[PDB]
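Shown next are two forms of a single protein chain, provided one at a time as structure tokens under the names structure 1 and structure 2.
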Structure 1
């Protein structure tokens, strides 16, 4: 009975605070860095499952990140066609968020915090809720909402919208509405995506008509 994980948990927690406060000094932009990173990792994951499964690309064939802004509603959407998440994985989340109403193995909370805690809690720099909608092969499509502390989860009323992958929805604060100005978000996505092997798109406009625009 080792019981030395509450040391690695502490280390990962401390790395996490270092970076989130680091970002809060300057950019505030680390949430977007992590949003693109974790999307790419989930694209990296299912491309890597397509080399022992052949049916793996049967809910989608594209391997994309698609970012859409809802200026009016004040939402930020980052959709990918990666591996997705089963209801099981969504309730484990990053080991730290418990179901709504309770305040009373597997992969350890330590290593989840290491890869996911930074992107999760940094969202709350600019957002008030983060909503996760995701579809894995061999489970249905669910939605997951958290306030930083607790979560609830349901099956998606719209059935299977994504085919495969995840949509991260950031209910933004009004203070941070500037992040949905098409021009500030394009340059951000251009900047943080230049070393992604996958095509990353922002929903944009010409002259006036809207379509996806490749940023890398």
Structure 2
């Protein structure tokens, strides 16, 4: 139920960290493209699958902050992940390179983390804990949880609430407090959604103050 990160993931996690202490806001870029990739993969799958979109009809990205409890959620209706994918895809880096890329890191690292798809780990730049809730079309909903010193994957007590897709939940660090106010999340979401192909919304105030989803691109 508990697991240890692979050694290179630790080396990578530190390399991502002490190289982008200055460009902290790139985590939201990497979470938004990581959602698009996931949303693509299910649109591809839906070409050859009469029922790939059973678990959820829509293909969106929904971002919700939560200043009262210090949380940022980024939820896509993409392909989702299984228990085993959670453990392997997020507990290992072995897809290609995986040691090749840690030379050139230490050898303006903002571009290169995106190139290699390891952008997920920039989340630890602003989070004390990172929580991945995900639902694949061939598995039950699971939760992945880590503070970088280990992680655990558990079945979700709540059943299937996602339909299909993934939530990234960040328990934000204290310094990162400004990513909890509307206007500055919307700000960064616009800057990084310009070329994403799916609609991206932000639970927002259009004041009698009322909250609906607000589209950003």
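Numbering follows the first chain given and starts at 1. Shifts are known only where both forms have a C-alpha. In this text, rigid core is short for the largest set of C-alphas that superpose within 1.5 Å between two forms.
Enquirer: Do you see a C-alpha shift of 2 Å or more at residue 50 between structures 1 and 2, with the core held fixed?
Expert: Comparing the forms between structures 1 and 2, which are aligned on their rigid core, residue 50 does not shift its C-alpha by 2 Å or more.
Enquirer: Taking the rigid core as the frame, does residue 73 move its C-alpha by 2 Å or more between structures 1 and 2?
Expert: No, shifts by less than 2 Å.
Enquirer: Honestly, after the rigid core fit, is residue 27 moving at least 2 Å at Cα between structures 1 and 2?
Expert: Yes; residue 27 is a residue whose C-alpha shifts (by 2 Å or more) between structures 1 and 2 when the cores are overlaid.
Enquirer: Superpose the two forms on the rigid core and tell me the Cα shift of residue 122 between structures 1 and 2 in angstrom.
Expert: So the C-alpha of residue 122 has moved 1.2 Å between structures 1 and 2.
Enquirer: Residue 16: how large is its C-alpha shift between structures 1 and 2, with the rigid core as the superposition reference, in Å?
Expert: Between its two positions, the C-alpha of residue 16 lies 6.5 Å apart after core fitting.
Enquirer: After superposition on the rigid core, what is the displacement of the C-alpha atom of residue 149 between structures 1 and 2, in Å?
Expert: Shift of residue 149 at C-alpha, rigid core superposed: 3.1 Å.
Enquirer: Taking the rigid core as the frame, what runs of at least 3 residues have C-alpha moves of 2 Å or more between structures 1 and 2?
Expert: 5 to 27, 93 to 104, 108 to 121 are the stretches that shift between structures 1 and 2.
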